[PDB]
$ cat upload.pdb   # PDB, C-alpha atoms (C1' of nucleotides)
MODEL        1
ATOM      1  CA  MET A 120       3.545 -21.156   2.914
ATOM      2  CA  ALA A 121       0.031 -19.829   2.253
ATOM      3  CA  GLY A 122       0.012 -17.984  -1.083
ATOM      4  CA  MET A 124       3.718 -17.586  -1.752
ATOM      5  CA  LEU A 125       5.236 -17.924  -5.228
ATOM      6  CA  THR A 126       8.754 -18.441  -6.600
ATOM      7  CA  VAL A 127      10.157 -18.053 -10.121
ATOM      8  CA  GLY A 128      13.934 -17.976 -10.405
ATOM      9  CA  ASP A 129      15.193 -15.691  -7.661
ATOM     10  CA  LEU A 130      11.957 -13.677  -7.667
ATOM     11  CA  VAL A 131       9.647 -14.511  -4.758
ATOM     12  CA  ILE A 132       6.162 -13.000  -4.438
ATOM     13  CA  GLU A 133       4.661 -13.654  -0.992
ATOM     14  CA  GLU A 134       1.093 -12.336  -1.029
ATOM     15  CA  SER A 135       0.838 -13.192   2.690
ATOM     16  CA  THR A 136       3.333 -10.572   3.882
ATOM     17  CA  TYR A 137       2.617  -8.655   0.636
ATOM     18  CA  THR A 138       6.287  -8.471  -0.329
ATOM     19  CA  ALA A 139       8.237  -9.079  -3.524
ATOM     20  CA  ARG A 140      11.925  -9.850  -3.164
ATOM     21  CA  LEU A 141      14.840 -10.591  -5.513
ATOM     22  CA  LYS A 142      17.279 -12.862  -3.634
ATOM     23  CA  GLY A 143      17.159 -10.799  -0.444
ATOM     24  CA  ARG A 144      16.642  -7.353  -2.003
ATOM     25  CA  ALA A 145      13.041  -6.373  -1.292
ATOM     26  CA  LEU A 146      11.264  -4.630  -4.167
ATOM     27  CA  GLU A 147       9.313  -1.555  -3.050
ATOM     28  CA  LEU A 148       6.519  -1.581  -5.632
ATOM     29  CA  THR A 149       3.304   0.356  -6.018
ATOM     30  CA  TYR A 150      -0.002  -1.470  -5.626
ATOM     31  CA  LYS A 151      -0.563  -2.045  -9.348
ATOM     32  CA  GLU A 152       3.100  -2.896 -10.006
ATOM     33  CA  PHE A 153       2.542  -5.678  -7.468
ATOM     34  CA  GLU A 154      -0.829  -6.840  -8.810
ATOM     35  CA  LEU A 155       0.762  -6.786 -12.284
ATOM     36  CA  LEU A 156       4.088  -8.479 -11.513
ATOM     37  CA  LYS A 157       2.248 -11.099  -9.456
ATOM     38  CA  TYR A 158      -0.332 -11.862 -12.153
ATOM     39  CA  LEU A 159       2.318 -12.195 -14.864
ATOM     40  CA  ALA A 160       4.363 -14.493 -12.619
ATOM     41  CA  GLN A 161       1.197 -16.371 -11.607
ATOM     42  CA  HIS A 162       0.978 -17.317 -15.309
ATOM     43  CA  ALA A 163       4.587 -17.462 -16.511
ATOM     44  CA  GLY A 164       5.212 -18.018 -20.212
ATOM     45  CA  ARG A 165       1.737 -16.971 -21.383
ATOM     46  CA  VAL A 166       1.432 -13.607 -23.130
ATOM     47  CA  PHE A 167      -1.485 -11.378 -22.144
ATOM     48  CA  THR A 168      -2.950  -8.391 -23.969
ATOM     49  CA  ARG A 169      -3.582  -4.943 -22.516
ATOM     50  CA  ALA A 170      -7.363  -5.399 -22.445
ATOM     51  CA  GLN A 171      -6.868  -8.742 -20.689
ATOM     52  CA  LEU A 172      -4.330  -7.351 -18.216
ATOM     53  CA  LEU A 173      -6.580  -4.351 -17.566
ATOM     54  CA  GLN A 174      -9.789  -6.317 -17.011
ATOM     55  CA  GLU A 175      -8.021  -8.593 -14.499
ATOM     56  CA  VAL A 176      -5.412  -6.511 -12.660
ATOM     57  CA  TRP A 177      -7.325  -3.220 -12.899
ATOM     58  CA  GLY A 178     -10.919  -4.408 -13.246
ATOM     59  CA  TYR A 179     -14.249  -3.929 -15.007
ATOM     60  CA  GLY A 183      -8.902   4.744 -23.817
ATOM     61  CA  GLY A 184      -5.588   5.024 -22.008
ATOM     62  CA  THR A 185      -4.247   1.496 -22.444
ATOM     63  CA  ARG A 186      -0.634   2.689 -22.221
ATOM     64  CA  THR A 187      -0.806   2.700 -18.404
ATOM     65  CA  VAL A 188       0.269  -0.943 -18.707
ATOM     66  CA  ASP A 189       3.365   0.093 -20.670
ATOM     67  CA  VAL A 190       4.182   2.649 -17.962
ATOM     68  CA  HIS A 191       3.656   0.080 -15.205
ATOM     69  CA  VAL A 192       5.768  -2.429 -17.127
ATOM     70  CA  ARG A 193       8.600   0.099 -17.503
ATOM     71  CA  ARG A 194       8.468   1.042 -13.815
ATOM     72  CA  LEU A 195       8.519  -2.676 -12.993
ATOM     73  CA  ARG A 196      11.495  -3.411 -15.258
ATOM     74  CA  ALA A 197      13.359  -0.338 -13.995
ATOM     75  CA  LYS A 198      12.875  -1.452 -10.386
ATOM     76  CA  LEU A 199      13.919  -5.009 -11.262
ATOM     77  CA  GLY A 200      17.197  -3.787 -12.741
ATOM     78  CA  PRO A 201      19.428  -4.988 -15.576
ATOM     79  CA  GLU A 202      20.081  -8.336 -13.866
ATOM     80  CA  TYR A 203      16.331  -9.011 -14.079
ATOM     81  CA  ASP A 204      15.154  -6.640 -16.842
ATOM     82  CA  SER A 205      14.442  -9.697 -19.001
ATOM     83  CA  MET A 206      11.831 -11.113 -16.594
ATOM     84  CA  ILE A 207       9.061  -9.163 -18.386
ATOM     85  CA  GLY A 208       9.098  -9.748 -22.139
ATOM     86  CA  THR A 209       7.374  -7.794 -24.896
ATOM     87  CA  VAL A 210       5.457  -9.350 -27.794
ATOM     88  CA  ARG A 211       4.905  -6.785 -30.543
ATOM     89  CA  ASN A 212       1.235  -6.296 -31.491
ATOM     90  CA  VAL A 213       0.160  -8.673 -28.695
ATOM     91  CA  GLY A 214       1.234  -7.677 -25.195
ATOM     92  CA  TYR A 215       3.561  -8.663 -22.366
ATOM     93  CA  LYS A 216       4.472 -11.842 -20.516
ATOM     94  CA  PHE A 217       6.647 -12.969 -17.646
ATOM     95  CA  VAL A 218       9.515 -15.047 -19.030
ATOM     96  CA  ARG A 219      11.155 -17.757 -16.960
ATOM     97  CA  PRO A 220      14.892 -17.678 -16.195
ATOM     98  CA  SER A 221      17.207 -20.506 -17.200
TER
ATOM     99  CA  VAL B 127       8.109 -11.164  21.982
ATOM    100  CA  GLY B 128      10.872  -9.123  20.372
ATOM    101  CA  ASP B 129      11.042  -7.036  23.592
ATOM    102  CA  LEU B 130       7.197  -6.961  23.675
ATOM    103  CA  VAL B 131       5.397  -9.155  26.220
ATOM    104  CA  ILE B 132       1.600  -9.193  25.886
ATOM    105  CA  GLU B 133      -0.511 -10.456  28.790
ATOM    106  CA  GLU B 134      -3.666 -12.367  27.895
ATOM    107  CA  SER B 135      -5.697 -12.412  31.116
ATOM    108  CA  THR B 136      -4.619  -8.955  32.303
ATOM    109  CA  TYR B 137      -5.358  -7.263  28.928
ATOM    110  CA  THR B 138      -2.012  -5.453  28.984
ATOM    111  CA  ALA B 139       1.305  -5.229  27.146
ATOM    112  CA  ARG B 140       4.850  -4.295  28.153
ATOM    113  CA  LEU B 141       7.959  -3.477  26.114
ATOM    114  CA  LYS B 142      11.048  -4.313  28.217
ATOM    115  CA  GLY B 143       9.348  -3.650  31.547
ATOM    116  CA  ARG B 144       7.652  -0.334  30.702
ATOM    117  CA  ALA B 145       3.971  -1.256  30.930
ATOM    118  CA  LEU B 146       2.074   0.052  27.930
ATOM    119  CA  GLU B 147      -1.221   1.566  29.092
ATOM    120  CA  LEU B 148      -3.497   0.506  26.244
ATOM    121  CA  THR B 149      -7.124   0.829  25.710
ATOM    122  CA  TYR B 150      -8.681  -2.515  25.012
ATOM    123  CA  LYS B 151      -9.407  -1.975  21.304
ATOM    124  CA  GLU B 152      -5.741  -0.972  20.904
ATOM    125  CA  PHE B 153      -4.759  -4.080  22.883
ATOM    126  CA  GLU B 154      -6.889  -6.315  20.650
ATOM    127  CA  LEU B 155      -5.444  -4.775  17.489
ATOM    128  CA  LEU B 156      -1.845  -5.173  18.662
ATOM    129  CA  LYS B 157      -2.409  -8.747  19.860
ATOM    130  CA  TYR B 158      -4.040  -9.845  16.598
ATOM    131  CA  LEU B 159      -1.292  -8.104  14.621
ATOM    132  CA  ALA B 160       1.420  -9.706  16.771
ATOM    133  CA  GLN B 161      -0.360 -13.080  16.850
ATOM    134  CA  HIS B 162      -0.057 -13.196  13.048
ATOM    135  CA  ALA B 163       3.263 -11.346  12.863
ATOM    136  CA  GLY B 164       4.511 -10.400   9.408
ATOM    137  CA  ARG B 165       1.103 -10.871   7.775
ATOM    138  CA  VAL B 166      -0.735  -7.818   6.445
ATOM    139  CA  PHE B 167      -4.446  -7.427   7.176
ATOM    140  CA  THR B 168      -6.946  -5.206   5.392
ATOM    141  CA  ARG B 169      -9.317  -2.858   7.192
ATOM    142  CA  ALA B 170     -12.291  -5.136   6.494
ATOM    143  CA  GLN B 171     -10.383  -8.031   8.076
ATOM    144  CA  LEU B 172      -9.348  -5.989  11.118
ATOM    145  CA  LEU B 173     -12.813  -4.447  11.450
ATOM    146  CA  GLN B 174     -14.669  -7.759  11.670
ATOM    147  CA  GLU B 175     -11.957  -9.700  13.525
ATOM    148  CA  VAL B 176     -10.882  -7.063  16.062
ATOM    149  CA  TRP B 177     -14.077  -4.977  16.140
ATOM    150  CA  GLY B 178     -17.570  -6.404  16.295
ATOM    151  CA  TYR B 179     -19.205  -3.974  13.896
ATOM    152  CA  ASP B 180     -19.117  -4.102  10.098
ATOM    153  CA  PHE B 181     -19.058  -0.329   9.644
ATOM    154  CA  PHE B 182     -19.215  -0.932   5.867
ATOM    155  CA  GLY B 183     -18.396   2.568   4.694
ATOM    156  CA  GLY B 184     -16.717   4.786   7.255
ATOM    157  CA  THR B 185     -14.766   3.872  10.386
ATOM    158  CA  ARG B 186     -11.247   5.206   9.809
ATOM    159  CA  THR B 187     -11.001   4.066  13.446
ATOM    160  CA  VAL B 188      -8.490   1.388  12.455
ATOM    161  CA  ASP B 189      -6.247   4.150  11.102
ATOM    162  CA  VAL B 190      -6.810   6.201  14.261
ATOM    163  CA  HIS B 191      -6.154   3.273  16.608
ATOM    164  CA  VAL B 192      -2.883   2.366  14.870
ATOM    165  CA  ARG B 193      -1.735   5.957  15.409
ATOM    166  CA  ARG B 194      -2.571   5.816  19.122
ATOM    167  CA  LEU B 195      -0.864   2.413  19.194
ATOM    168  CA  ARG B 196       2.198   3.835  17.434
ATOM    169  CA  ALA B 197       2.453   6.786  19.834
ATOM    170  CA  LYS B 198       2.621   4.629  22.967
ATOM    171  CA  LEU B 199       5.401   2.531  21.418
ATOM    172  CA  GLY B 200       7.394   5.727  20.898
ATOM    173  CA  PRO B 201       9.978   6.631  18.256
ATOM    174  CA  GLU B 202      11.899   3.456  19.101
ATOM    175  CA  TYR B 203       9.301   0.731  18.485
ATOM    176  CA  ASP B 204       6.774   2.579  16.297
ATOM    177  CA  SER B 205       8.088   0.560  13.336
ATOM    178  CA  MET B 206       6.568  -2.565  14.929
ATOM    179  CA  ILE B 207       3.363  -1.718  13.022
ATOM    180  CA  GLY B 208       3.964  -1.221   9.304
ATOM    181  CA  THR B 209       1.719   0.438   6.733
ATOM    182  CA  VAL B 210       0.820  -1.292   3.464
ATOM    183  CA  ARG B 211      -0.664   1.338   1.156
ATOM    184  CA  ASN B 212      -4.066   0.435  -0.366
ATOM    185  CA  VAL B 213      -4.065  -2.831   1.630
ATOM    186  CA  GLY B 214      -3.674  -2.441   5.390
ATOM    187  CA  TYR B 215      -1.320  -2.784   8.342
ATOM    188  CA  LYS B 216       0.965  -5.482   9.710
ATOM    189  CA  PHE B 217       3.213  -6.231  12.649
ATOM    190  CA  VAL B 218       6.920  -5.960  11.808
ATOM    191  CA  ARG B 219       9.617  -8.045  13.505
ATOM    192  CA  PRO B 220      13.075  -6.605  14.170
ATOM    193  CA  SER B 221      15.520  -6.658  12.800
TER
ATOM    194  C1'  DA C   1     -13.193   4.480  25.651
ATOM    195  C1'  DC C   2     -14.000   5.328  20.838
ATOM    196  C1'  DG C   3     -15.185   6.893  16.724
ATOM    197  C1'  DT C   4     -16.217  10.968  13.791
ATOM    198  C1'  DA C   5     -14.488  15.860  12.413
ATOM    199  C1'  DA C   6     -11.279  17.807   9.795
ATOM    200  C1'  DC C   7      -7.251  18.993   7.701
ATOM    201  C1'  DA C   8      -1.967  18.243   6.113
ATOM    202  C1'  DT C   9       1.033  15.196   3.800
ATOM    203  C1'  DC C  10       2.573  12.543   0.222
ATOM    204  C1'  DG C  11       2.475   8.822  -2.649
ATOM    205  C1'  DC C  12      -0.450   6.546  -6.774
ATOM    206  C1'  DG C  13      -0.773   6.352 -11.111
ATOM    207  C1'  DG C  14      -2.907   7.887 -15.531
ATOM    208  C1'  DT C  15      -2.294  11.228 -19.311
ATOM    209  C1'  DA C  16       0.658  13.826 -22.068
ATOM    210  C1'  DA C  17       4.439  13.997 -25.109
ATOM    211  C1'  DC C  18       8.178  12.646 -27.805
ATOM    212  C1'  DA C  19      12.005   9.311 -29.651
ATOM    213  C1'  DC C  20      12.505   5.433 -32.214
TER
ATOM    214  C1'  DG D   1       3.673  -0.028 -32.070
ATOM    215  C1'  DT D   2       6.280   0.501 -27.727
ATOM    216  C1'  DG D   3      10.021   2.770 -24.458
ATOM    217  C1'  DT D   4      10.210   6.234 -21.574
ATOM    218  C1'  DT D   5       9.816  10.254 -18.415
ATOM    219  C1'  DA D   6       7.396  14.277 -16.786
ATOM    220  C1'  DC D   7       3.568  16.356 -14.498
ATOM    221  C1'  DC D   8       0.285  16.790 -11.144
ATOM    222  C1'  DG D   9      -4.939  15.693  -9.701
ATOM    223  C1'  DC D  10      -6.635  12.833  -6.540
ATOM    224  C1'  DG D  11      -6.977   9.857  -2.973
ATOM    225  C1'  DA D  12      -5.034   6.791   0.882
ATOM    226  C1'  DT D  13      -2.774   7.595   5.546
ATOM    227  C1'  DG D  14      -1.204  10.547   9.433
ATOM    228  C1'  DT D  15      -2.847  12.936  12.753
ATOM    229  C1'  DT D  16      -5.080  15.376  16.433
ATOM    230  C1'  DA D  17      -9.474  17.498  18.515
ATOM    231  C1'  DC D  18     -13.710  16.600  20.406
ATOM    232  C1'  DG D  19     -18.350  14.924  21.087
ATOM    233  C1'  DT D  20     -20.617  10.945  23.270
TER
ENDMDL
END
$ encode --input "upload.pdb" --output "structure tokens"
Amino acid sequence: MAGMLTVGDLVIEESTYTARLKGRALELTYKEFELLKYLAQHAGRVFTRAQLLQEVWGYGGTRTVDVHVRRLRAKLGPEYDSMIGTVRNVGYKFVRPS
Amino acid sequence: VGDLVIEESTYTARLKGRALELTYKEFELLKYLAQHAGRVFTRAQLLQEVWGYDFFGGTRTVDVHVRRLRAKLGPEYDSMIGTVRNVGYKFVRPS
DNA sequence: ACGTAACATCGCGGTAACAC
DNA sequence: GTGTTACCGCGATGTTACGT
């Protein structure tokens, strides 16, 4: 274990650069990974688009986060759709399972 | 050593008895990838660990060497080196 | 033995556009 | 406002030829 993370059945191993949902590997884009990992690296806390952009993207079209969130939730599936929660007029946040 | 035996002193590598004729840069890349199997490495990492030079804007010789590496493994074992888009390459263990 | 030269392929991902 | 899905430029890899 070098930089590996675990929330629920989601595991994000930055070492091998894989994300996996109880055996089923998630084939994500680069930013879907740098986004899903950041949100899970700070579970429970809601971030805003400007925050998420300045960190995951780096130092307009802010809706690219919404697109990346949708693509993430669609790849997660219904069983894990909930893992990325929306806060109206604020932003998004990883939510912890039971 | 999932069918692949790499020889340290002789600077060689074989896959089930069929000696892979590698150049030495391709041998170094495969060894370092197989020595840290499963881990992905960026091109900056590979360039300063496996090569001496810090080309710092150019190269593409890591990409070229992986292709030469992949060809000598053939369409059976070419999956042993995986591609991580926007990041780098990694050794892959069957199965 | 290597590392550009040079192009073909194909995926990344950001904007558009609309429903709600 | 956010969910959502096209659309498609651009750029990251593949790939081989060739100069040294």
$ residues_around --input "upload.pdb" --residues "stretch 201-212 of chain A" --least-positions-apart "5" --cutoff "8 Å" --atoms "only C-alpha atoms (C1' of nucleotides)" --output "PyMOL selection string"
(chain A and resi 166+192+196+217-220) or (chain D and resi 1-2)
$ resolve_selection --input "upload.pdb" --expression "the PyMOL selection byres ((chain C) within 10 of (chain B))" --output "PyMOL selection string"
chain C and resi 1-4+11-12
$ interface_residues --input "upload.pdb" --of "chain B" --to "chain A" --cutoff "10 Å" --atoms "all atoms listed in the file" --output "ChimeraX atom specification"
/B:163-167,210-213,216-218
$ interface_residues --input "upload.pdb" --of "chain A" --to "chain C" --cutoff "10 Å" --atoms "only C-alpha atoms (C1' of nucleotides)" --output "PyMOL selection string"
chain A and resi 149-151+184-188+190-191
$ atom_distance --input "upload.pdb" --atom1 "atom CA of residue A:147" --atom2 "atom CA of residue A:197"
11.7 Å
$ interface_residues --input "upload.pdb" --of "chain D" --to "chain B" --cutoff "8 Å" --atoms "only C-alpha atoms (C1' of nucleotides)" --output "list in words"
residues 12, 13, 14 and 15 of chain D
$ atom_distance --input "upload.pdb" --atom1 "atom CA of residue A:189" --atom2 "atom CA of residue A:141"
21.8 Å
$ closest_residue --input "upload.pdb" --among "A:193, A:160, A:199, A:131" --to "chain D" --atoms "only C-alpha atoms (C1' of nucleotides)"
A:193
$ residues_around --input "upload.pdb" --residues "residue A:172" --least-positions-apart "3" --cutoff "10 Å" --atoms "only C-alpha atoms (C1' of nucleotides)" --output "VMD selection string"
chain A and resid 155 158 to 159 166 to 169 175 to 178 185 188 214 to 215
$ write_last_selection --input "upload.pdb" --atoms "C-alpha atoms" --output "short mmCIF file (atom, residue, chain, number, x, y, z; two decimals), keeping the file's coordinate frame"
data_model
loop_
_atom_site.label_atom_id
_atom_site.label_comp_id
_atom_site.auth_asym_id
_atom_site.auth_seq_id
_atom_site.Cartn_x
_atom_site.Cartn_y
_atom_site.Cartn_z
CA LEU A 155 0.76 -6.79 -12.28
CA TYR A 158 -0.33 -11.86 -12.15
CA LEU A 159 2.32 -12.20 -14.86
CA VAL A 166 1.43 -13.61 -23.13
CA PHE A 167 -1.48 -11.38 -22.14
CA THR A 168 -2.95 -8.39 -23.97
CA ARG A 169 -3.58 -4.94 -22.52
CA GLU A 175 -8.02 -8.59 -14.50
CA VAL A 176 -5.41 -6.51 -12.66
CA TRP A 177 -7.32 -3.22 -12.90
CA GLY A 178 -10.92 -4.41 -13.25
CA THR A 185 -4.25 1.50 -22.44
CA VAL A 188 0.27 -0.94 -18.71
CA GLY A 214 1.23 -7.68 -25.20
CA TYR A 215 3.56 -8.66 -22.37
#
